[PDB]
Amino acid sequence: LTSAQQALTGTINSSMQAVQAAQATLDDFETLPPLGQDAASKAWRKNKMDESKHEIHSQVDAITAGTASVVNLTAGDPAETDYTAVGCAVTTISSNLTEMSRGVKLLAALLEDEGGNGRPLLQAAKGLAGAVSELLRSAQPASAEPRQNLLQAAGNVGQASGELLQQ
C-alpha cells in the first residue's frame, strides 16, 4: 500500500523502460560511415575511439555514483526516505545508461571494424544494463524487501561496471 511512493514507482517504471531499450540496442554496432584506408579515414576512426572511451568512463562513473546515491538515500527505515531524491538519482542512472549505449555501440563498431572484436564490449555493456535493471527492480517502493536484496544489487552494478571498464 503506497503514498507518493507512487511518484517514485512511475519514475522507476519510466527508467526501466529506458533501460530495457538501451539493453536491446546492445545486440549490434552502429553502422559506420564509408571509411576505407584513406589517411583521413584513419584520423576519424582514431579521434572517435578516444572520445568514446572517455565519454563511456564518464557515464559509467555517473552510473556507480547514482547507484551509491540510491543505496544511501534508500536506507534508514522508509517512512523517512526522500522518495523524490531517490527518483532523481535513478533518473541520473538510466539517463546515463542510455548514452553509455550509444557510445559503446560506436566503440565496439570501431574495434570490430579494425580486426578487433566488439562482441565482449557489447556483452559487458549488456551486463551493466541488466544489473542496472535488477537494481531498479529492488528500489521499487512496493518491494517486499528485504534490504539485503537491494544491497546485492547495488553491488552487482559495480561489478558489471568494473568488467565493462576493462573494455
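From 1 onward, residues are counted along the sequence shown.
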Exercise for the section: Going by the recorded CA B-factors, say which third of the chain residue 99 sits in, lowest, middle or highest. Expected result: middle
Completion exercise
Assert third(CA B-factor, residue 4) within chain per record equals lowest
Handout entry: B-factor third for the C-alpha atom of residue 123 within its chain
Key = lowest
Completion exercise
On the chain's distribution of Cα B-factors, residue 79 falls within the third called lowest
Handout entry: Third assignment of residue 90 from its chain's C-alpha B-factors
Key = middle
